[PDB]
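Below is one structure, written out as structure tokens, with a few remarks after it.
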Amino acid sequence: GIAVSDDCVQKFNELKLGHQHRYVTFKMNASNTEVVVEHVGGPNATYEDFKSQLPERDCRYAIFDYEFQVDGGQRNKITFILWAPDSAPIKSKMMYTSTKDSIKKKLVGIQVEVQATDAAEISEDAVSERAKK
């Protein structure tokens, strides 16, 4: 089984506990033996910053502390996203898919999960819409 790096937990914790990051992206390491942190989005990074950097032909995971000015205040939703574009190789797909539960259970505190397999699914509308699911 692919191991989740504890650094994946530390960064998720900095976001969840300290609001230190807008989002965190994760990818497998070189040996595909552990998922490691890839991109630490700071508090002012936009959803666009997160999105534009997603590999079109490779998978990734992400926590996006999606923010709102909505009814019951200004809300924050810790959204875990599995990015698995249909154009990724089967090996990449298989790996990310096969290891999603571990990262999800390691990341105690997720609030919304979404799976995006294309441009429209990873769009800001798809995600923002589901963020207040």
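Letters for chains follow the order of the structure tokens (A, B, ...), residue numbers begin at 1 for each chain, and ligand numbers begin at 1 in the order shown.
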
DSSP says strand (DSSP E or B) for which residues of chain A? Put them as a PyMOL selection string?
-> chain A and resi 3-4+23-28+34-41+60-67+76-83+112-116

Tell me, as a PyMOL selection string, which residues lie within 10 Å of residue 107 (chain A), counting only C-alpha atoms; anything in the same chain fewer than 2 positions away does not count.
-> chain A and resi 4+8-10+12-13+16+63+80+101-105+109-110

Excluding region 33-36 of chain A and residues on its chain fewer than 6 positions from it, collect all residues at most 9 Å away from it, counting only C-alpha atoms, and give them as a ChimeraX atom specification.
-> /A:1-8,25-27,99,103

For the residues in that selection, give me N, CA, C and O atoms as a PDB file, in the first residue's frame.
```pdb
ATOM      1  N   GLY A   1       0.880  -1.171   0.000  1.00  0.00           N
ATOM      2  CA  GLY A   1       0.000   0.000   0.000  1.00  0.00           C
ATOM      3  C   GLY A   1       0.904   1.202   0.000  1.00  0.00           C
ATOM      4  O   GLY A   1       2.009   1.138   0.536  1.00  0.00           O
ATOM      5  N   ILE A   2       0.474   2.259  -0.664  1.00  0.00           N
ATOM      6  CA  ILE A   2       1.259   3.474  -0.716  1.00  0.00           C
ATOM      7  C   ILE A   2       1.102   4.143   0.648  1.00  0.00           C
ATOM      8  O   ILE A   2       0.006   4.163   1.224  1.00  0.00           O
ATOM      9  N   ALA A   3       2.230   4.519   1.238  1.00  0.00           N
ATOM     10  CA  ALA A   3       2.213   5.183   2.528  1.00  0.00           C
ATOM     11  C   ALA A   3       1.909   6.662   2.345  1.00  0.00           C
ATOM     12  O   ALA A   3       2.186   7.239   1.292  1.00  0.00           O
ATOM     13  N   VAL A   4       1.247   7.252   3.329  1.00  0.00           N
ATOM     14  CA  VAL A   4       0.934   8.670   3.290  1.00  0.00           C
ATOM     15  C   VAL A   4       2.084   9.292   4.074  1.00  0.00           C
ATOM     16  O   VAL A   4       2.466   8.760   5.116  1.00  0.00           O
ATOM     17  N   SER A   5       2.693  10.366   3.586  1.00  0.00           N
ATOM     18  CA  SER A   5       3.791  10.939   4.351  1.00  0.00           C
ATOM     19  C   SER A   5       3.180  11.706   5.524  1.00  0.00           C
ATOM     20  O   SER A   5       2.055  12.202   5.427  1.00  0.00           O
ATOM     21  N   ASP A   6       3.877  11.725   6.654  1.00  0.00           N
ATOM     22  CA  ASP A   6       3.374  12.461   7.796  1.00  0.00           C
ATOM     23  C   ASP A   6       3.390  13.956   7.514  1.00  0.00           C
ATOM     24  O   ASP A   6       2.641  14.711   8.126  1.00  0.00           O
ATOM     25  N   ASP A   7       4.213  14.371   6.554  1.00  0.00           N
ATOM     26  CA  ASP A   7       4.273  15.771   6.166  1.00  0.00           C
ATOM     27  C   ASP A   7       2.939  16.169   5.533  1.00  0.00           C
ATOM     28  O   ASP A   7       2.538  17.331   5.591  1.00  0.00           O
ATOM     29  N   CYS A   8       2.253  15.195   4.941  1.00  0.00           N
ATOM     30  CA  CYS A   8       0.942  15.433   4.342  1.00  0.00           C
ATOM     31  C   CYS A   8      -0.016  15.777   5.470  1.00  0.00           C
ATOM     32  O   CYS A   8      -0.917  16.599   5.304  1.00  0.00           O
ATOM     33  N   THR A  25      -1.574  20.477  -2.138  1.00  0.00           N
ATOM     34  CA  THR A  25      -1.688  19.444  -3.148  1.00  0.00           C
ATOM     35  C   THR A  25      -0.687  18.356  -2.764  1.00  0.00           C
ATOM     36  O   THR A  25       0.362  18.644  -2.173  1.00  0.00           O
ATOM     37  N   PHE A  26      -0.988  17.120  -3.140  1.00  0.00           N
ATOM     38  CA  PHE A  26      -0.161  15.978  -2.798  1.00  0.00           C
ATOM     39  C   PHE A  26       0.038  15.114  -4.041  1.00  0.00           C
ATOM     40  O   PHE A  26      -0.849  15.045  -4.902  1.00  0.00           O
ATOM     41  N   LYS A  27       1.197  14.474  -4.142  1.00  0.00           N
ATOM     42  CA  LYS A  27       1.504  13.603  -5.268  1.00  0.00           C
ATOM     43  C   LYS A  27       2.349  12.445  -4.749  1.00  0.00           C
ATOM     44  O   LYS A  27       2.860  12.511  -3.638  1.00  0.00           O
ATOM     45  N   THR A  99      -5.155   4.360  -3.633  1.00  0.00           N
ATOM     46  CA  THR A  99      -4.660   4.887  -2.369  1.00  0.00           C
ATOM     47  C   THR A  99      -5.452   6.066  -1.768  1.00  0.00           C
ATOM     48  O   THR A  99      -5.041   6.656  -0.766  1.00  0.00           O
ATOM     49  N   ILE A 103      -5.227   8.321   2.461  1.00  0.00           N
ATOM     50  CA  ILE A 103      -5.052   9.751   2.619  1.00  0.00           C
ATOM     51  C   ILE A 103      -6.304  10.374   3.230  1.00  0.00           C
ATOM     52  O   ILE A 103      -6.194  11.182   4.148  1.00  0.00           O
TER      53      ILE A 103
END
```

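A straight line drawn from CA of residue 21 (chain A) to CA of residue 55 (chain A) is 20.7 Å long.
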
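Per DSSP on the backbone, helix (DSSP H, G or I) in region 79-108 of chain A comprises residues 90, 91, 92, 93, 94, 95, 96, 97, 98, 100, 101, 102, 103, 104, 105 and 106 of chain A.
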
What lies within 8 Å of residue 113 (chain A) using only C-alpha atoms, ignoring chain neighbours under 6 positions off, as number ranges by chain?
-> A: 79-82

Requested write-out: N, CA, C and O atoms of the selected residues, as a PDB file, in the first residue's frame:
```
ATOM      1  N   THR A  79     -12.173  20.936   1.669  1.00  0.00           N
ATOM      2  CA  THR A  79     -12.531  20.079   0.558  1.00  0.00           C
ATOM      3  C   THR A  79     -11.360  19.250   0.038  1.00  0.00           C
ATOM      4  O   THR A  79     -10.331  19.794  -0.364  1.00  0.00           O
ATOM      5  N   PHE A  80     -11.510  17.929   0.092  1.00  0.00           N
ATOM      6  CA  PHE A  80     -10.490  17.024  -0.420  1.00  0.00           C
ATOM      7  C   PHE A  80     -10.918  16.723  -1.846  1.00  0.00           C
ATOM      8  O   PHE A  80     -12.069  16.360  -2.093  1.00  0.00           O
ATOM      9  N   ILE A  81      -9.992  16.864  -2.781  1.00  0.00           N
ATOM     10  CA  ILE A  81     -10.289  16.626  -4.181  1.00  0.00           C
ATOM     11  C   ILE A  81      -9.379  15.534  -4.737  1.00  0.00           C
ATOM     12  O   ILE A  81      -8.182  15.513  -4.438  1.00  0.00           O
ATOM     13  N   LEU A  82      -9.954  14.572  -5.454  1.00  0.00           N
ATOM     14  CA  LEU A  82      -9.132  13.565  -6.095  1.00  0.00           C
ATOM     15  C   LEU A  82      -9.174  14.077  -7.522  1.00  0.00           C
ATOM     16  O   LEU A  82     -10.252  14.326  -8.078  1.00  0.00           O
TER      17      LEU A  82
END
```
